[PDB]
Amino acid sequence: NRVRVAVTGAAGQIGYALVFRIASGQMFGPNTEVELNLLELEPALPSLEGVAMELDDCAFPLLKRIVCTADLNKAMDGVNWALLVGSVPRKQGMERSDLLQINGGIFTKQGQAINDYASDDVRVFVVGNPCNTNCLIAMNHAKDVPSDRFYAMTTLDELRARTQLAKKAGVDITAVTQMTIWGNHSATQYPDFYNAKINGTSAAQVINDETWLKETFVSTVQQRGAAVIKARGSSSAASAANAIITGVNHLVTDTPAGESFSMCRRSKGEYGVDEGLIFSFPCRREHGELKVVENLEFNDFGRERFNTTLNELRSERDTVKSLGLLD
């Protein structure tokens, strides 16, 4: 039980908040050794070496090897998990298609390096934005990697929604279960307050404030990242890193009875989601297999929010297809 993990953008704020908790055992468990393969762009390699010195200076018993490189093939060589954290943010003068085009190029290459160099059992966990469509592009460039190995992260959205529900109901965080973020990791995400539970009962019914749930709770969750930037003065790196730890942990440990978690994955057609889209679904891990929770119901309000986010993901797919990013 040793896991080799690539982390891209490894000298950035998320990576800096992430790698120490990984090495401490929190992602894969207290008896699983870890090898960290850390990738950066060439100009950031000196900073990365400083990060590696700090990892060494923690004397982590589980940390068995550190690789620091700007060579993508070296970073992916024999990895069992690829955490695709790094991406290109929107910059001055970019159009939306420009952002998809730039990140598409990057994730085409990362998918192909994963295909040609990662371990046969590799799983891929995409964080950098736009993460659903970046994941779609990487998946489509890894022909030899099964498509059910590709994930994108809505865990941060989910944990933010869980706290907002627990705060509003004045209950302990552990009284919230089955929090589902449907669709895209974006402002069109649907945080489903009907199927989420508070003390085993529909959160909508416990909170009993339709106005607050539809007009404050949903927008608060959708806009929470922007609110942290405004308050703290930089990105929400530590809570993002926590969400990576939590989401990968969800994929490698069986889900306690009564719970479920949000995860973007390749749709097999569940809930009418176009086959092959990367889409956030409710999931459970049972007997070591990932399953989509079936038979959750919607009202008209929910079908509306569901179709809005599905249509955004369709539009992004059609756009990157048009740019020649899907072969």
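For every residue, the number given is its place in the sequence shown, counted from 1.
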Taking the deposited Cα B-factors and averaging over 128-136 and over 228-236, the higher mean is found in 228-236
State which stretch shows the higher mean Cα B factor in the entry: 107-115 or 156-164. 107-115
Residue of maximum C-alpha B factor among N31, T69, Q26, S262, per deposited coordinates: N31
When the modelled residues of the chain are sorted by Cα temperature factor, does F217 land in the lowest, middle or highest third? middle
Among the modelled residues of its chain, the C-alpha B-factor of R317 falls in the third labelled highest
What third of the chain, by the recorded C-alpha B-factor, contains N37? lowest
CA B-factor placement of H287, once the chain's modelled residues are sorted into thirds: highest
Quick tally, chain-level thirds of C-alpha B-factors: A52 sits in the lowest
